[PDB]
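[1] Need a 3D model of the following:
(one chain, ligands or ions: 6)
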Amino acid sequence: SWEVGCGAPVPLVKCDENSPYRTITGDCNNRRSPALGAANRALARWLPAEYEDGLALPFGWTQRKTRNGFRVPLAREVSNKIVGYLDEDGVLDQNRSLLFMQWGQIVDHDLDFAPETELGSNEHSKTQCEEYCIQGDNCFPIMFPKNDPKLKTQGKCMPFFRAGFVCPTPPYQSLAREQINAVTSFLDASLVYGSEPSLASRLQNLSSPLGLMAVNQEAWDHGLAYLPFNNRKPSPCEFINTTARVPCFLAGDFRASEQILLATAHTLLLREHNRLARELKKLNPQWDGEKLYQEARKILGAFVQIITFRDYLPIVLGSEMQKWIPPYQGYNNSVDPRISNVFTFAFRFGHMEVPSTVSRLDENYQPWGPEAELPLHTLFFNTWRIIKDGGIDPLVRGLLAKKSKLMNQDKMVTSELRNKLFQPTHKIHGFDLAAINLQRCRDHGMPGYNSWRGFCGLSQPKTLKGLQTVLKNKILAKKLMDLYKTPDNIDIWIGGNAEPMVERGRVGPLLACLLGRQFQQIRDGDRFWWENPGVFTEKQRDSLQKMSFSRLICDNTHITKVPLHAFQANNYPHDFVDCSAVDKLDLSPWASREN
Ligand code: HEM
Ligand SMILES: *[C@@H]1O[C@H](CO)[C@@H](O[C@@H]2O[C@H](CO)[C@@H](O[C@H]3O[C@H](CO)[C@@H](O)[C@H](O)[C@@H]3O)[C@H](O)[C@H]2NC(C)=O)[C@H](O)[C@H]1NC(C)=O
Ligand SMILES: *[C@@H]1O[C@H](CO)[C@@H](O[C@@H]2O[C@H](CO)[C@@H](O[C@H]3O[C@H](CO)[C@@H](O)[C@H](O)[C@@H]3O)[C@H](O)[C@H]2NC(C)=O)[C@H](O)[C@H]1NC(C)=O
Ligand SMILES: *[C@@H]1O[C@H](CO)[C@@H](O[C@@H]2O[C@H](CO)[C@@H](O)[C@H](O)[C@H]2NC(C)=O)[C@H](O)[C@H]1NC(C)=O
Ligand SMILES: *[C@@H]1O[C@H](CO)[C@@H](O[C@@H]2O[C@H](CO)[C@@H](O)[C@H](O)[C@H]2NC(C)=O)[C@H](O)[C@H]1NC(C)=O
Ligand SMILES: [Ca+2]
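    Numbers count the residues shown, from 1 in each chain. Ligands and ions are numbered 1, 2, ... in the order given. Next comes the structure:
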């Protein structure tokens, strides 16, 4: 017995079989088991879920049931006590560009999404939850602690709605609650093309057979493209400045306009597609609307994979890279490519990497104008700033010249995300990403810190002093222990991120294991991995290794000076070489001789 069946509410179709192109939904990747890795199926479970009532109610819900004989602390008090700080000076990561943070978020959005539950295209629950903090059904309010300033000016709580879950929607039972992943598990650039057939089509330029992706028709950027605007009303990017009224952008992933430096990357990517498609059409003039589309689309997914495995992972895992992700050896059809529920929390380490301001630089990399640097919190759902204040360039240069925040145990998440986050549904810039992350662990039913330590074959501290040694911090260890009473109860997000960093890495032992594990699996489990023999020819592969994030900027914006290594901290102008000195992608191996 297994319950095996539940293959209900999800998009299904026919396996094109032998087709050299991925499906949009990720179906048909694994032949013997066609729905592994597909958008709209449950997050995988590496360990059984731990819910309050065994089946679905999160810990903290019933105000009188303990977890291990103890009351779990309030998300927001774990925030106020451990995650907060006030001094931004000293905080910058001395050897990582602001693009280090930015790439983690693009990869993240390619791999996982647990959407909120709706049940109201009008309903008093999307307002009985915000107005009265009444816990009930999918309303699971983040209550304020006594002494939280936010009591004085905001209300009794921050509203929060539980995540969606497989099988039906309505009030549900039987099995443990399993959250949905609305995105494909494969590094396949789903964030650019969509994970659904319908959204995928809307995105395309289908008025002409050049296989181009739709581009905004209302605004231009020095004759270079922007993403289309969204039909969607109401529109939070609009609500952010009623005078400007500039809507959010339409991309293959819905979160694209969360912040300005993420809308920027989306737009460098769309631009890469269209570029690829024109170039390809020149070489092979008989190719197709569809054929141009898929071929450019296959080059792009190779891109996201190569920069990810070659440039970004080696510097997150550090010395632990070799031990979790060994060198590639071929597609293994038994490896399970599905993104695990815990990964979507482990991958939240990047939160502690976001700094507090965003800069715009002019052509010599000098402060563009008088209001160059801005508080991150005015940039949530802000598109009016790209469109009406210089477009993309001034904002890509800041990504190469400025630095990510460094995780630090006494400074974890800047207040910009911690006190001032705009959620695209509600009205204020007053949410807290840290508390939300914690409340979210609980909703998704996560095993505690020791469970995962156990999982990764690392010691499990049971006492103050043990916790002190693992964390190599006396004080942090003391706060955690005062809020939680036992390490067994420490939520994985805050435990994972509290560990000191492995050598040359930017996460700890627990985090290197869960990430390292996930990445090995999605590479080993992907029939379309770029080095998978028979997916690109040997000469195409040789061409694809020369790609770099720098080139991408050269070919797609008017920046003429860039770093060679783009994730490392780089000083202008010593570290900046001219575009000409940067290897170009040689598209000639994609030539198709008819006779
Ligand atoms: C604003 C937000 C960011 C930048 C200023 C930001 C950044 C990151 C980075 C750098 C990540 C990894 C390197 C990363 C991972 C994931 N985040 Fe994201 N994030 C901002 C805002 C949010 C919000 C709001 C959420 C949702 C919180 C919730 O639980 O409802 C959020 C989530 C995630 C996430 C989980 C995705 C999923 O599977 O649902 C990451 C892996 N971020 N962020
Ligand atoms: C800032 O971080 C840089 C990130 O890698 C680092 O430079 C890199 O140092 C590592 C070893 O710590 C080396 O790893 C490389 O080894 C050779 C390149 O010579 C390659 O064959 C490997 O695949 C791998 O890339 C490199 O020597 C170097 N890598 C790069 C990309 O240049 C700097 O040392 C850091 N700066 C400081 C002072 O901390
Ligand atoms: C709402 O969005 C508006 C932009 O679409 C923005 O107003 C704009 O911003 C500044 C003023 O702060 C102006 O920039 C400069 O414009 C002219 C040059 O042509 C100068 O002479 C001015 O002195 C000024 O420095 C924009 O022109 C201005 N535009 C309009 C129509 O008001 C608002 O700032 C946004 N408000 C919020 C709350 O974010
Ligand atoms: C779809 O593609 C066509 C072909 O590129 C676009 O039409 C061109 O767009 C630009 C900007 O308006 C102009 O040079 C011409 O108006 C068009 N040129 C040709 C060859 O006709 C069209 O804008 C694209 N549509 C969308 C929605 O992005
Ligand atoms: C592909 O990976 C699978 C999945 O882990 C491997 O299957 C294992 O086979 C080994 C022998 O090498 C056994 O020790 C394990 O108990 C098996 N585990 C599972 C989960 O099946 C397998 O090693 C790999 N196959 C190839 C040819 O690389
Ligand atoms: Ca994907």
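[2] Please determine whether the helix or strand containing residue 264 lies in contact with ligand 4.
    Assessed by DSSP states H and E, residue 264 sits inside helix 260-283. No - contact of helix 260-283 with ligand 4 (Cβ under 6 Å from any ligand atom) is absent, the minimum separation being 8.8 Å. The C-beta positions use only the backbone N, C-alpha and C, and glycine is treated the same way.
[3] now check that helix, is it near ligand 3?
    No - Helix 260-283 is not in contact with ligand 3 by Cβ under 6 Å from any ligand atom; minimum separation 12.6 Å.
[4] Show me what that helix is packed against.
    Applying 3 or more Cβ pairs under 8 Å, 6 or more residues apart in numbering; DSSP states H and E, we find helix 260-283 packed against helix 98-111, helix 190-193, helix 289-306, helix 384-387, helix 393-401, helix 549-556.
[5] Quick one: check the first one for contact with ligand 6.
    Looking back up the chat, that one is helix 98-111. Yes - part of helix 98-111 sits near ligand 6 under the criterion Cβ under 5 Å from the ion, namely residue 110.
[6] Report the inter-axis angle for that helix versus helix 393-401.
    If you take axes from the mean of the first three to the mean of the last three Cα atoms, to 10 degrees, helix 98-111 sits at 100 degrees to helix 393-401.
[7] swap in the third one?
    When the same axes, to 10 degrees is applied, the directions of helix 289-306 and helix 393-401 differ by 30 degrees.
[8] Return the distance of the closest residue to ligand 1 within the stretch 51-200 of the chain relative to residue 116.
    In the stretch 51-200 of the chain, no residue comes nearer to ligand 1 than residue 104, which is 2.3 Å away by Cβ to the nearest ligand atom. Residue 104 sits 22 Å away from residue 116, going by Cβ to Cβ, to the nearest Å.
[9] neighbours of the closest residue to residue 241 other than its chain neighbours, just the number please.
    Of all residues beyond its chain neighbours, the one nearest residue 241 is residue 384 (5.2 Å), with distances taken as Cβ to Cβ, 6 or more residues apart in numbering. When neighbours are counted by other Cβ atoms under 10 Å, residue 384 registers 18.
[10] how about the helix holding residue 264: buried residues?
    Under the neighbour-count criterion of 16 or more other Cβ atoms under 10 Å, helix 260-283 has 260-277, 279-281 buried.
[11] Then stretch 532-548?
    Using 16+ other Cβ under 10 Å as the burial criterion, the residues of stretch 532-548 that qualify are 535-536, 540, 543-544, 547-548.
[12] Including distance to ligand 1 and secondary structure, could these go into a markdown table?
    Compiled in a markdown table, the buried residues of stretch 532-548 are given as follows (distance: Cβ to the nearest ligand atom, whole Å; DSSP: H, G, I helix; E, B strand; the rest coil):
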| residue | distance to ligand 1 | secondary structure |
| --- | --- | --- |
| 535 | 27 | coil |
| 536 | 28 | coil |
| 540 | 30 | helix |
| 543 | 29 | helix |
| 544 | 24 | helix |
| 547 | 21 | coil |
| 548 | 20 | coil |
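[13] Give the burial count for the closest residue to ligand 1 within the stretch 401-550 of the chain, as a bare number.
    In the stretch 401-550 of the chain, the residue that lies nearest ligand 1 is residue 440 (3.6 Å; Cβ to the nearest ligand atom). Residue 440: 25 surrounding residues under other Cβ under 10 Å.
[14] Pull the residues that contact the host helix or strand of it.
    Assigned by DSSP H and E, residue 440 falls within helix 433-443. Contact with helix 433-443 is made by 58-60, 72, 75-76, 78-79, 83-84, 140, 142, 158, 160, 162-163, 345, 348, 351, 412-413, 417-418, 421, 491-494, as judged by Cβ atoms under 8 Å, 6 or more residues apart in numbering.
[15] then that helix to CSV, C-alphas only?
    Output of helix 433-443 as CSV, limited to C-alpha atoms (Å, rounded to 0.1, in the frame of the first residue of the first chain):
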residue,chain,number,x,y,z
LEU,A,433,10.0,38.4,5.7
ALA,A,434,11.7,36.7,8.7
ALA,A,435,8.6,36.0,10.7
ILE,A,436,6.8,34.9,7.5
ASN,A,437,9.6,32.5,6.7
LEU,A,438,9.2,31.1,10.2
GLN,A,439,5.4,30.9,10.1
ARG,A,440,5.9,29.3,6.7
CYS,A,441,8.1,26.4,8.0
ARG,A,442,5.4,25.6,10.4
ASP,A,443,2.7,25.6,7.8
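[16] next helix or strand past that helix?
    Sequence order places helix 449-455 as the next helix or strand after helix 433-443, per DSSP H and E.
[17] Give me the next element, helix or strand, following that following helix.
    From helix 449-455, the next helix or strand downstream (DSSP H and E) is helix 464-471.
[18] Make sure residue 404 is indeed in a strand.
    Yes - using DSSP: H, G, I helix; E, B strand; the rest coil, the secondary structure at residue 404 is a strand.
[19] Double-check it against residue 93; I have them as touching.
    Yes - using Cβ atoms under 8 Å, residue 404 is in contact with residue 93, at 4.7 Å.
[20] Quick one: name the residues of this structure near ligand 4.
    Counting by Cβ under 6 Å from any ligand atom, the chain sits next to ligand 4 at 205, 207-208, 212, 214-215, 217.
[21] Next up, the contacts around residue 245.
    Residue 245 makes contacts with residue 238, as judged by Cβ under 8 Å, 6+ apart.
[22] Contact partners for the residue of the stretch 51-200 of the chain closest to ligand 1?
    312, 316, 347, 350, 353.
[23] again with residue 277
    210-212, 292-293, 296.
[24] Check the residues you listed against ligand 1 and report the nearest one.
    The nearest member of the contacts of residue 277 to ligand 1, counting by Cβ to the nearest ligand atom, is residue 296 at 26.4 Å.
[25] Spatially nearest residue to the closest one, not counting backbone neighbours?
    Residue 296 sits nearest to residue 276 (Cβ to Cβ, 6+ apart), 3.7 Å away.
[26] Surely that neighbour is in contact with residue 294?
    No - Residue 276 is not in contact with residue 294 according to Cβ under 8 Å; the separation is 11.1 Å.
[27] Which neighbours do these two have in common?
    By Cβ under 8 Å, 6+ apart, no residue touches both residue 276 and residue 294.
[28] for whichever residue of the chain sits closest to ligand 2, helix, strand, or coil?
    The nearest approach of the chain to ligand 2 comes at residue 95, 4.0 Å away (Cβ to the nearest ligand atom). Here residue 95 is strand, with the state taken from three-state DSSP.
[29] That one contacts residue 568, doesn't it?
    Yes - contact criterion Cβ under 8 Å: residue 95 and residue 568 qualify, at 6.0 Å.
[30] mind listing what the closest residue to ligand 5 within the stretch 401-550 of the chain touches?
    Minimum separation of the stretch 401-550 of the chain from ligand 5 (Cβ to the nearest ligand atom) falls at residue 524, amounting to 7.1 Å. Residue 524 sits next to 328, 331-332, 335 when contact means Cβ under 8 Å, 6+ apart.
[31] Let me know the closest of the residues you listed to residue 450.
    Among those, residue 335 lies closest to residue 450 (Cβ to Cβ), at 27.2 Å.
[32] For that closest one, give its distance to ligand 3.
    Using Cβ to the nearest ligand atom, to the nearest Å, residue 335 is found at 49 Å from ligand 3.
[33] separation between the nearest residue to residue 144 once chain neighbours are set aside and ligand 3?
    Spatial nearest neighbour of residue 144, excluding adjacent residues (Cβ to Cβ, 6+ apart): residue 151 at 5.0 Å. Using Cβ to the nearest ligand atom, residue 151 is found at 27 Å from ligand 3.
[34] surely residue 151 meets residue 157?
    No - Residue 151 is beyond contact range of residue 157, at 9.5 Å (criterion: Cβ under 8 Å).
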